[PDB]
Every structure is written in C-alpha cells, then in structure tokens.
Amino acid sequence: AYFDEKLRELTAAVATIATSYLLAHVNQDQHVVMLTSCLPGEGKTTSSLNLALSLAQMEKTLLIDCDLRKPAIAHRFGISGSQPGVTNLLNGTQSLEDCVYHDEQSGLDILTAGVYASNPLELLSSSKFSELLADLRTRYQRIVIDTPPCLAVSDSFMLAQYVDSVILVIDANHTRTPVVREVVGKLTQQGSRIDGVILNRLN
Amino acid sequence: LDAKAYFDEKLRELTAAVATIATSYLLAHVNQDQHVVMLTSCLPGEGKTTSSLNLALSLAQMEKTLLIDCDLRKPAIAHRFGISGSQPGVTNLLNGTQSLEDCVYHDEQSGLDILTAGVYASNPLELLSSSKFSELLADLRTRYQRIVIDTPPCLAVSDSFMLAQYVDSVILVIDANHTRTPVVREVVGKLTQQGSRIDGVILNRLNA
Ligand SMILES: N[C@@H](Cc1ccc(OP(=O)(O)O)cc1)C(=O)O
Ligand SMILES: N[C@@H](Cc1ccc(OP(=O)(O)O)cc1)C(=O)O
C-alpha cells in the first residue's frame with residue numbers, strides 16, 4: 001500500500017520546510033543541528049532525514065544517527081545492518097572513509113549508528129565523541145543529528161553541549177504542552193537553548 | 001543556491017496527491033459499478049497526468065487496477081514510472097506488433113499495472129477509433145477491477161470526446177488557479193451535447 005506512504009512522507013517533508021529555511025538562510029552559523037523529542041513516536045527520525053535531505057541541496061551535509069538505543073536512520077535509507085557507523089568510529093574499528101554512506105541521489109552523507117554498543121551514553125559522553133564531532137565540523141558545512149527522546153534517556157542533554165542548535169520535534173496531536181514546557185526547562189537549566197520546533201501531526 | 005526547486009516539487013506533488021483522495025473514495029466505495037474511468041482536462045498543463053497516476057495508485061491499494069496512457073500524442077505515463085519509451089504499449093497492441101501479456105508493466109512497489117502508450121504512431125485518432133481498440137478495452141474489463149485512462153486535453157484534439165463513449169465515468173481535471181470557469185462550462189457542454197456526462201472534478205492548484 002504505496003500511495004499512503006507517499007502522503008505520509010511527502011507531508012513529513014513540508015512540515016520541515018520553515019525549519020530548513022531558517023537554518024539555510026537565517027542562522028547560517030548553526031553548523032551542527034540536533035533534533036529531539038520528549039517521547040518516542042513523534043516523527044523525530046523522519047524529520048531528521050527530511051531536514052538533512054533539503055540542507056543537502058545547498059551545502060555538503062552529514063546526517064548522523066545518534067540514537068544508539070533504537071537506531072532508525074540506517075533502516076530508512078535501505079542501509080545494511082552490516083554497515084559500520086558511529087560506534088565503530090568511537091571504538092576505532094573502522095575509519096570515517098569506510099563508514100560514511102553516500103546517497104548520491106541527493107548528495108547527502110549518512111553516518112549510521114553502527115554495530116550495537118552496550119554503553120551508549122558512556123560512548124556519547126566520550127572525549128572520542130567530542131573529538132569526532134570536531135573533525136566532522138571541519139569536513140562538512142552542515143551536520144544533522146538524530147537523537148533519542150529527552151525524557152527516556154539522558155543522551156540528548158549530553159549531546160546538546162556539543163551542538164549549535166536544538167530543534168524539538170513534537171507530535172502536536174498527542175504530546176501535552178506542560179511536558180514540553182518541562183523539557184524546555186531541563187535544557188534551559190543546563191545551558192542549551194531551543195531554536196525551533198517542528199510540529200508533526202500524527203494519528 | 002537555495003532549496004526552492006526541491007521543496008516546490010514536494011509541495012506540488014503533495015497538493016496533486018491530496019486532490020485525488022475524494023475522487024478515489026467516491027469510486028472505491030460509492031460508484032463501484034464505474035469500472036472504466038477517464039481523466040481529462042480542457043487544456044494541457046492542468047495536472048491531469050499526475051492526477052491519473054495518484055488516482056490509479058490509490059485505487060491500487062484496494063483493487064486490481066490498470067492505468068492506460070491514451071494520450072498517444074504527448075504521452076507522459078511511461079516517463080513518470082521510469083519506464084523506457086521503447087516499452088510496447090497501446091499502439092503496439094492496436095498495430096498488432098505485441099500482445100497484451102508482454103505489454104503490461106507491473107510496478108511492484110505499488111501493485112498497479114501500467115499500459116503505456118507505446119511506440120510512436122502518426123495515426124493516433126485513426127488507431128483509437130479502431131474496433132480492435134474497443135476489443136482491447138472489452139478484454140481489459142474482464143481482467144481488471146478498475147481501469148484508469150489518461151487522455152488528451154479536450155480542446156486540443158477530439159480524441160477524448162471519442163473515448164468517452166467507451167468509459168463508465170469521466171473525471172475532469174482542472175487547474176483552478178488558472179483555468180477560467182467559462183472555459184470549463186463550454187467543455188462540459190460539449191460532452192453534455194453528446195453522450196458523455198461528467199461524474200467528478202479534481203481541482204489542482206498550480207504555480208505558473
Ligand atoms: N513518517 C511519519 C511517522 C513517523 C513516526 C515515527 C518516526 O520515528 P520517531 O518517533 O523515532 O522519531 C518517524 C516518522 C510522520 O512524520 O508523519
Ligand atoms: N509535473 C508536475 C505538474 C504536472 C503534472 C501532470 C500534468 O499533466 P498535464 O500537463 O498533461 O495536464 C501537468 C503538470 C507534477 O508532478 O505534479
């Protein structure tokens with residue numbers, strides 16, 4: 001049943017235009033961009049690729065899958081589970097060349113989550129992670145980071161230290177605003193600021 | 001320089017797709033007797049082919065469906081599924097070069113069956129006014145639950161006024177941003193003053 005997949009993913013794409021516009025033409029200094037939600041199932045992963053796909057039109061961009069717990073990016077580009085990714089780099093198994101997947105339908109570069117890692121937050125709080133991000137900055141104009149939810153784990157409060165912009169994805173049909181207000185509060189009380197929302201509408 | 005071209009194809013495709021949902025619903029759940037349905041416009045450039053696509057694709061999820069390209073003059077269907085222009089289709093069948101089996105292309109991403117216009121033919125109205133064209137339609141009726149036919153614009157050539165005799169329903173595709181209603185009212189009259197009746201509109205909105 002293809003036509004409804006076409007409506008869902010086409011809709012998902014337009015729901016990210018104003019966010020993609022702002023980044024491309026207003027805050028051009030925001031080189032590393034982090035997408036997150038308060039809970040699972042709010043459209044965060046498809047908003048991430050859709051954002052990265054459009055930023056790929058004007059800049060050499062990288063999409064990184066950083067939900068090392070339930071990773072989806074590799075799934076949605078039809079990428080191998082074999083394909084080495086982010087954890088592979090941090091663990092020094094493979095190098096960046098044998099890790100980036102190039103979707104040259106689009107020009108986008110994709111760094112998948114990589115093989116399983118039982119220490120996801122340990123890995124992400126690494127100084128091998130901060131070093132990896134610093135190196136990717138000097139190689140890419142834009143980087144888009146898919147993160148796991150803000151209330152499930154602490155990963156994303158950890159990552160936000162490292163990024164230039166946080167975009168908060170919200171299933172406006174179901175997430176309640178007092179929750180959002182609390183998540184915004186938790187970020188504010190450690191430093192990070194929210195630079196924009198994406199309001200998906202799911203059923 | 002920017003992503004306007006990328007986002008505008010998506011927005012155009014999304015608007016085009018959404019414009020065919022109510023049409024498809026009506027056919028799937030209200031007018032189930034209308035097995036062969038014809039889409040057309042008054043002029044070129046009104047969204048008619050992608051409306052014929054999405055409609056067929058959408059009917060495919062509930063019924064065994066066939067999309068036929070019958071604009072033998074400026075054909076688009078084959079182009080939009082990434083099918084070779086070589087691929088035999090309607091003209092091939094009418095000219096008896098190929099038979100029906102190694103003519104139909106199956107899009108197995110979607111379940112839809114597609115019959116392209118086929119190789120070029122300089123006798124287009126000649127061919128469609130054939131009897132073996134009607135015999136081809138009679139056979140396709142017994143093989144498909146729905147048949148969706150993309151046809152030429154009404155005011156360019158007369159092909160579609162001829163085709164309407166063979167179909168159970170005519171759907172008129174309209175670029176409501178640009179087509180003017182007295183034009184539409186005139187084309188409706190031309191069908192009204194022969195057999196055909198219009199059973200529904202699809203209102204595209206385009207950005208020339
Ligand atoms: N693609 C659909 C639904 C969707 C659901 C979940 C999803 O992934 P996650 O919840 O992990 O962000 C992505 C997309 C939409 O955005 O409308
Ligand atoms: N090519 C655009 C718009 C378009 C589509 C079909 C179309 O058909 P026609 O020119 O025959 O009316 C016209 C314009 C789209 O994919 O929606």
# chains A, B, ... in the order shown; residues from 1 in each chain; ligands from 1

$ residues_near_ligand --ligand "ligand 1" --cutoff "6 Å" --atoms "only C-alpha atoms and all ligand atoms" --output "list in words"
residues 8, 9, 12, 40, 41, 42, 43, 44, 45, 46, 200 and 202 of chain A

$ closest_atom_pairs --of "chain B" --to "ligand 2" --cutoff "10 Å" --atoms "only C-alpha atoms and all ligand atoms" --output "tab-separated table"
residue	atom	partner	partner_atom_place_in_ligand_line	distance
B:8	CA	ligand 2	2 (C)	10.0
B:9	CA	ligand 2	16 (O)	7.1
B:10	CA	ligand 2	16 (O)	8.8
B:11	CA	ligand 2	17 (O)	9.0
B:12	CA	ligand 2	17 (O)	5.5
B:13	CA	ligand 2	17 (O)	5.0
B:14	CA	ligand 2	17 (O)	8.4
B:15	CA	ligand 2	17 (O)	8.1
B:16	CA	ligand 2	17 (O)	5.8
B:17	CA	ligand 2	17 (O)	8.3
B:40	CA	ligand 2	12 (O)	8.1
B:41	CA	ligand 2	12 (O)	6.8
B:42	CA	ligand 2	12 (O)	8.9
B:43	CA	ligand 2	12 (O)	7.0
B:44	CA	ligand 2	12 (O)	4.5
B:45	CA	ligand 2	10 (O)	3.4
B:46	CA	ligand 2	12 (O)	3.8
B:47	CA	ligand 2	7 (C)	3.5
B:48	CA	ligand 2	12 (O)	4.0
B:49	CA	ligand 2	8 (O)	4.0
B:50	CA	ligand 2	6 (C)	4.4
B:51	CA	ligand 2	6 (C)	6.8
B:52	CA	ligand 2	6 (C)	8.5
B:53	CA	ligand 2	6 (C)	8.9
B:54	CA	ligand 2	17 (O)	9.8
B:71	CA	ligand 2	11 (O)	8.7
B:74	CA	ligand 2	11 (O)	8.0
B:75	CA	ligand 2	11 (O)	8.2
B:76	CA	ligand 2	11 (O)	7.3
B:77	CA	ligand 2	6 (C)	9.4
B:80	CA	ligand 2	16 (O)	8.3
B:150	CA	ligand 2	11 (O)	8.5
B:151	CA	ligand 2	11 (O)	8.4
B:152	CA	ligand 2	11 (O)	7.3
B:153	CA	ligand 2	11 (O)	7.4
B:173	CA	ligand 2	12 (O)	7.9
B:174	CA	ligand 2	12 (O)	8.5
B:175	CA	ligand 2	12 (O)	8.4
B:204	CA	ligand 2	17 (O)	9.0
B:205	CA	ligand 2	3 (C)	9.7
B:206	CA	ligand 2	3 (C)	7.5
B:207	CA	ligand 2	3 (C)	9.3

$ interface_residues --of "chain A" --to "chain B" --cutoff "12 Å" --atoms "only C-alpha atoms" --output "JSON, numbers by chain"
{"A": [1, 2, 3, 4, 5, 6, 7, 8, 9, 10, 11, 12, 13, 14, 15, 16, 17, 18, 20, 21, 22, 23, 24, 25, 50, 51, 52, 53, 54, 55, 56, 57, 58, 59, 106]}

$ write_last_selection --atoms "N, CA and C atoms" --output "compact mmCIF listing (two decimals), in the first residue's frame"
# COMPACT_ATOMS: atom_id res chain seq x y z
N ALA A 1 0.80 -1.23 0.00
CA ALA A 1 0.00 0.00 0.00
C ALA A 1 0.85 1.31 0.00
N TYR A 2 1.26 1.71 -1.22
CA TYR A 2 2.25 2.75 -1.52
C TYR A 2 1.73 4.19 -1.44
N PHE A 3 0.49 4.46 -1.88
CA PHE A 3 0.04 5.85 -2.00
C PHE A 3 -0.03 6.57 -0.65
N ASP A 4 -0.31 5.84 0.44
CA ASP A 4 -0.42 6.43 1.77
C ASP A 4 0.95 6.70 2.39
N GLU A 5 1.93 5.82 2.11
CA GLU A 5 3.34 6.12 2.39
C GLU A 5 3.77 7.40 1.69
N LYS A 6 3.31 7.59 0.45
CA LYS A 6 3.61 8.81 -0.31
C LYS A 6 3.02 10.06 0.37
N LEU A 7 1.78 9.96 0.88
CA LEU A 7 1.17 11.08 1.60
C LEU A 7 1.85 11.34 2.94
N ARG A 8 2.22 10.28 3.67
CA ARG A 8 2.83 10.50 4.97
C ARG A 8 4.20 11.13 4.82
N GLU A 9 5.05 10.54 4.00
CA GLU A 9 6.40 11.06 3.90
C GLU A 9 6.46 12.38 3.14
N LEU A 10 5.58 12.60 2.14
CA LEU A 10 5.52 13.91 1.50
C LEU A 10 5.11 14.98 2.50
N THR A 11 4.11 14.68 3.34
CA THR A 11 3.67 15.61 4.39
C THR A 11 4.78 15.88 5.38
N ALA A 12 5.44 14.83 5.82
CA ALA A 12 6.55 14.98 6.74
C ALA A 12 7.57 15.98 6.20
N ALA A 13 7.85 15.91 4.90
CA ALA A 13 8.83 16.81 4.27
C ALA A 13 8.42 18.28 4.36
N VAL A 14 7.17 18.60 4.02
CA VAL A 14 6.76 20.00 4.06
C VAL A 14 6.69 20.49 5.51
N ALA A 15 6.42 19.59 6.46
CA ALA A 15 6.38 20.01 7.85
C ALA A 15 7.74 20.49 8.35
N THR A 16 8.82 20.24 7.60
CA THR A 16 10.16 20.66 8.00
C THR A 16 10.71 21.81 7.16
N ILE A 17 9.90 22.44 6.30
CA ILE A 17 10.44 23.46 5.41
C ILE A 17 10.85 24.70 6.17
N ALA A 18 9.94 25.27 6.98
CA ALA A 18 10.28 26.50 7.70
C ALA A 18 11.50 26.30 8.59
N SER A 20 13.91 24.21 7.82
CA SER A 20 15.04 24.10 6.91
C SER A 20 15.39 25.46 6.32
N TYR A 21 14.38 26.30 6.11
CA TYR A 21 14.61 27.63 5.60
C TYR A 21 15.42 28.45 6.59
N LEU A 22 14.91 28.58 7.81
CA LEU A 22 15.60 29.30 8.88
C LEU A 22 17.09 28.95 8.97
N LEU A 23 17.41 27.65 8.92
CA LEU A 23 18.80 27.24 9.02
C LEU A 23 19.61 27.64 7.78
N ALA A 24 19.04 27.43 6.60
CA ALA A 24 19.80 27.72 5.39
C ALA A 24 19.97 29.22 5.20
N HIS A 25 18.95 30.03 5.51
CA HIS A 25 19.07 31.42 5.14
C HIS A 25 19.13 32.42 6.28
N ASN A 50 14.53 14.28 6.55
CA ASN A 50 13.93 15.28 5.67
C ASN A 50 14.63 16.63 5.78
N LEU A 51 15.01 17.03 6.99
CA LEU A 51 15.79 18.25 7.15
C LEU A 51 17.13 18.12 6.45
N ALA A 52 17.86 17.06 6.76
CA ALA A 52 19.17 16.86 6.17
C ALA A 52 19.08 16.76 4.65
N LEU A 53 18.05 16.09 4.15
CA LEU A 53 17.92 15.94 2.71
C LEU A 53 17.79 17.30 2.04
N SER A 54 17.04 18.21 2.65
CA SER A 54 16.90 19.50 2.00
C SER A 54 18.14 20.37 2.18
N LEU A 55 18.77 20.34 3.36
CA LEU A 55 20.01 21.11 3.51
C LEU A 55 21.09 20.61 2.55
N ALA A 56 20.99 19.35 2.13
CA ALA A 56 21.91 18.77 1.15
C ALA A 56 21.83 19.48 -0.21
N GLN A 57 20.75 20.23 -0.47
CA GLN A 57 20.63 20.92 -1.74
C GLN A 57 21.63 22.06 -1.87
N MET A 58 22.03 22.68 -0.76
CA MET A 58 22.90 23.84 -0.83
C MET A 58 24.25 23.67 -0.16
N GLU A 59 24.42 22.68 0.71
CA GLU A 59 25.68 22.55 1.43
C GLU A 59 26.04 21.08 1.50
N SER A 106 20.99 12.32 -3.74
CA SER A 106 20.76 13.58 -3.05
C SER A 106 22.03 14.36 -2.70

$ residues_around --residues "residue 104 (chain B)" --least-positions-apart "6" --cutoff "9 Å" --atoms "only C-alpha atoms" --output "ChimeraX atom specification"
/B:66,88-89,113-116

$ residues_around --residues "residue 64 (chain B)" --least-positions-apart "5" --cutoff "7 Å" --atoms "only C-alpha atoms" --output "number ranges by chain"
B: 144-146

$ write_last_selection --atoms "N, CA and C atoms" --output "tab-separated table (two decimals), in the first residue's frame"
chain	number	residue	atom	x	y	z
B	144	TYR	N	-9.38	-6.66	-15.11
B	144	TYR	CA	-9.05	-5.65	-14.11
B	144	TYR	C	-10.33	-5.17	-13.45
B	145	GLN	N	-10.25	-4.97	-12.13
B	145	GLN	CA	-11.41	-4.45	-11.41
B	145	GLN	C	-11.63	-2.99	-11.74
B	146	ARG	N	-10.55	-2.22	-11.85
B	146	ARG	CA	-10.63	-0.84	-12.28
B	146	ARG	C	-9.66	-0.59	-13.41

$ atom_distance --atom1 "CA of residue 176 (chain A)" --atom2 "CA of residue 19 (chain A)"
21.3 Å

$ closest_residue --among "A:97, A:146, A:131, A:103" --to "residue 49 (chain A)" --atoms "only C-alpha atoms"
A:146

$ select_by_dssp --residues "chain B" --states "alpha helix (DSSP H)" --output "VMD selection string"
chain B and resid 4 to 18 21 to 25 48 to 60 77 to 80 90 to 94 124 to 128 131 to 141 159 to 163 181 to 192

$ residues_around --residues "residue 147 (chain A)" --least-positions-apart "6" --cutoff "9 Å" --atoms "only C-alpha atoms" --output "count of residues only"
14

$ decode --residues "region 152-179 of chain B" --atoms "N, CA, C and O atoms" --output "PDB file, in the first residue's frame"
ATOM      1  N   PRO B 152      -5.975  12.811 -23.815  1.00  0.00           N
ATOM      2  CA  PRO B 152      -5.536  14.188 -24.192  1.00  0.00           C
ATOM      3  C   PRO B 152      -6.505  15.260 -23.720  1.00  0.00           C
ATOM      4  O   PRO B 152      -7.683  14.987 -23.448  1.00  0.00           O
ATOM      5  N   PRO B 153      -6.048  16.509 -23.629  1.00  0.00           N
ATOM      6  CA  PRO B 153      -6.966  17.615 -23.312  1.00  0.00           C
ATOM      7  C   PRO B 153      -8.079  17.774 -24.348  1.00  0.00           C
ATOM      8  O   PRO B 153      -7.877  17.614 -25.555  1.00  0.00           O
ATOM      9  N   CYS B 154      -9.253  18.168 -23.850  1.00  0.00           N
ATOM     10  CA  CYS B 154     -10.482  18.207 -24.644  1.00  0.00           C
ATOM     11  C   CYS B 154     -10.433  19.220 -25.772  1.00  0.00           C
ATOM     12  O   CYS B 154     -11.060  19.014 -26.811  1.00  0.00           O
ATOM     13  N   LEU B 155      -9.795  20.362 -25.556  1.00  0.00           N
ATOM     14  CA  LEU B 155      -9.821  21.409 -26.558  1.00  0.00           C
ATOM     15  C   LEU B 155      -8.681  21.301 -27.562  1.00  0.00           C
ATOM     16  O   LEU B 155      -8.778  21.886 -28.643  1.00  0.00           O
ATOM     17  N   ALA B 156      -7.610  20.575 -27.242  1.00  0.00           N
ATOM     18  CA  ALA B 156      -6.530  20.386 -28.208  1.00  0.00           C
ATOM     19  C   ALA B 156      -6.980  19.500 -29.363  1.00  0.00           C
ATOM     20  O   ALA B 156      -7.010  19.930 -30.524  1.00  0.00           O
ATOM     21  N   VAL B 157      -7.328  18.250 -29.068  1.00  0.00           N
ATOM     22  CA  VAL B 157      -7.769  17.306 -30.073  1.00  0.00           C
ATOM     23  C   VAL B 157      -9.140  16.771 -29.669  1.00  0.00           C
ATOM     24  O   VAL B 157      -9.679  17.133 -28.632  1.00  0.00           O
ATOM     25  N   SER B 158      -9.716  15.929 -30.519  1.00  0.00           N
ATOM     26  CA  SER B 158     -11.029  15.348 -30.279  1.00  0.00           C
ATOM     27  C   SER B 158     -10.960  13.937 -29.720  1.00  0.00           C
ATOM     28  O   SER B 158     -12.009  13.348 -29.450  1.00  0.00           O
ATOM     29  N   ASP B 159      -9.751  13.398 -29.536  1.00  0.00           N
ATOM     30  CA  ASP B 159      -9.557  12.045 -29.025  1.00  0.00           C
ATOM     31  C   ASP B 159     -10.457  11.737 -27.837  1.00  0.00           C
ATOM     32  O   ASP B 159     -11.093  10.679 -27.792  1.00  0.00           O
ATOM     33  N   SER B 160     -10.546  12.650 -26.866  1.00  0.00           N
ATOM     34  CA  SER B 160     -11.213  12.279 -25.621  1.00  0.00           C
ATOM     35  C   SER B 160     -12.727  12.295 -25.752  1.00  0.00           C
ATOM     36  O   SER B 160     -13.398  11.468 -25.128  1.00  0.00           O
ATOM     37  N   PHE B 161     -13.281  13.164 -26.606  1.00  0.00           N
ATOM     38  CA  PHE B 161     -14.714  13.102 -26.872  1.00  0.00           C
ATOM     39  C   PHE B 161     -15.075  11.761 -27.474  1.00  0.00           C
ATOM     40  O   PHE B 161     -16.159  11.221 -27.211  1.00  0.00           O
ATOM     41  N   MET B 162     -14.150  11.190 -28.244  1.00  0.00           N
ATOM     42  CA  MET B 162     -14.371   9.872 -28.811  1.00  0.00           C
ATOM     43  C   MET B 162     -14.245   8.801 -27.745  1.00  0.00           C
ATOM     44  O   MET B 162     -15.049   7.866 -27.701  1.00  0.00           O
ATOM     45  N   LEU B 163     -13.249   8.936 -26.864  1.00  0.00           N
ATOM     46  CA  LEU B 163     -13.006   7.907 -25.859  1.00  0.00           C
ATOM     47  C   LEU B 163     -14.166   7.800 -24.887  1.00  0.00           C
ATOM     48  O   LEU B 163     -14.543   6.690 -24.488  1.00  0.00           O
ATOM     49  N   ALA B 164     -14.781   8.939 -24.545  1.00  0.00           N
ATOM     50  CA  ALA B 164     -15.825   8.960 -23.523  1.00  0.00           C
ATOM     51  C   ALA B 164     -16.962   7.988 -23.814  1.00  0.00           C
ATOM     52  O   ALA B 164     -17.620   7.515 -22.877  1.00  0.00           O
ATOM     53  N   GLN B 165     -17.207   7.672 -25.096  1.00  0.00           N
ATOM     54  CA  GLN B 165     -18.216   6.670 -25.431  1.00  0.00           C
ATOM     55  C   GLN B 165     -17.921   5.333 -24.758  1.00  0.00           C
ATOM     56  O   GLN B 165     -18.851   4.601 -24.402  1.00  0.00           O
ATOM     57  N   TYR B 166     -16.641   5.010 -24.547  1.00  0.00           N
ATOM     58  CA  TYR B 166     -16.248   3.679 -24.106  1.00  0.00           C
ATOM     59  C   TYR B 166     -16.169   3.531 -22.586  1.00  0.00           C
ATOM     60  O   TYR B 166     -16.133   2.393 -22.096  1.00  0.00           O
ATOM     61  N   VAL B 167     -16.156   4.631 -21.827  1.00  0.00           N
ATOM     62  CA  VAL B 167     -15.879   4.585 -20.394  1.00  0.00           C
ATOM     63  C   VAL B 167     -17.172   4.716 -19.593  1.00  0.00           C
ATOM     64  O   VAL B 167     -18.218   5.142 -20.092  1.00  0.00           O
ATOM     65  N   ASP B 168     -17.104   4.335 -18.321  1.00  0.00           N
ATOM     66  CA  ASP B 168     -18.267   4.431 -17.458  1.00  0.00           C
ATOM     67  C   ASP B 168     -18.318   5.749 -16.705  1.00  0.00           C
ATOM     68  O   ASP B 168     -19.374   6.101 -16.171  1.00  0.00           O
ATOM     69  N   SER B 169     -17.212   6.481 -16.643  1.00  0.00           N
ATOM     70  CA  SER B 169     -17.190   7.733 -15.903  1.00  0.00           C
ATOM     71  C   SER B 169     -16.085   8.639 -16.450  1.00  0.00           C
ATOM     72  O   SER B 169     -15.001   8.166 -16.818  1.00  0.00           O
ATOM     73  N   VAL B 170     -16.372   9.937 -16.529  1.00  0.00           N
ATOM     74  CA  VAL B 170     -15.402  10.926 -16.979  1.00  0.00           C
ATOM     75  C   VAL B 170     -15.101  11.855 -15.810  1.00  0.00           C
ATOM     76  O   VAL B 170     -16.018  12.457 -15.230  1.00  0.00           O
ATOM     77  N   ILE B 171     -13.824  11.979 -15.463  1.00  0.00           N
ATOM     78  CA  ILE B 171     -13.398  12.903 -14.423  1.00  0.00           C
ATOM     79  C   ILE B 171     -12.579  14.002 -15.062  1.00  0.00           C
ATOM     80  O   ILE B 171     -11.631  13.734 -15.810  1.00  0.00           O
ATOM     81  N   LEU B 172     -12.948  15.236 -14.757  1.00  0.00           N
ATOM     82  CA  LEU B 172     -12.378  16.422 -15.383  1.00  0.00           C
ATOM     83  C   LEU B 172     -11.382  17.045 -14.427  1.00  0.00           C
ATOM     84  O   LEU B 172     -11.746  17.407 -13.299  1.00  0.00           O
ATOM     85  N   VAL B 173     -10.128  17.138 -14.857  1.00  0.00           N
ATOM     86  CA  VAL B 173      -9.060  17.687 -14.029  1.00  0.00           C
ATOM     87  C   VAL B 173      -8.913  19.154 -14.370  1.00  0.00           C
ATOM     88  O   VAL B 173      -8.900  19.537 -15.547  1.00  0.00           O
ATOM     89  N   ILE B 174      -8.770  19.984 -13.352  1.00  0.00           N
ATOM     90  CA  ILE B 174      -8.855  21.425 -13.537  1.00  0.00           C
ATOM     91  C   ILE B 174      -7.770  22.098 -12.718  1.00  0.00           C
ATOM     92  O   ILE B 174      -7.612  21.797 -11.532  1.00  0.00           O
ATOM     93  N   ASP B 175      -6.996  22.978 -13.357  1.00  0.00           N
ATOM     94  CA  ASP B 175      -6.096  23.875 -12.626  1.00  0.00           C
ATOM     95  C   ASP B 175      -6.908  25.092 -12.221  1.00  0.00           C
ATOM     96  O   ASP B 175      -7.023  26.058 -12.979  1.00  0.00           O
ATOM     97  N   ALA B 176      -7.485  25.041 -11.007  1.00  0.00           N
ATOM     98  CA  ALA B 176      -8.407  26.081 -10.548  1.00  0.00           C
ATOM     99  C   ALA B 176      -7.731  27.429 -10.358  1.00  0.00           C
ATOM    100  O   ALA B 176      -8.438  28.429 -10.189  1.00  0.00           O
ATOM    101  N   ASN B 177      -6.397  27.470 -10.331  1.00  0.00           N
ATOM    102  CA  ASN B 177      -5.685  28.738 -10.273  1.00  0.00           C
ATOM    103  C   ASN B 177      -5.703  29.465 -11.606  1.00  0.00           C
ATOM    104  O   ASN B 177      -5.637  30.696 -11.632  1.00  0.00           O
ATOM    105  N   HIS B 178      -5.843  28.751 -12.699  1.00  0.00           N
ATOM    106  CA  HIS B 178      -5.583  29.373 -13.989  1.00  0.00           C
ATOM    107  C   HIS B 178      -6.668  29.123 -15.010  1.00  0.00           C
ATOM    108  O   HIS B 178      -7.041  30.050 -15.735  1.00  0.00           O
ATOM    109  N   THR B 179      -7.218  27.919 -15.063  1.00  0.00           N
ATOM    110  CA  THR B 179      -8.331  27.683 -15.966  1.00  0.00           C
ATOM    111  C   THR B 179      -9.510  28.524 -15.512  1.00  0.00           C
ATOM    112  O   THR B 179      -9.704  28.748 -14.322  1.00  0.00           O
TER     113      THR B 179
END
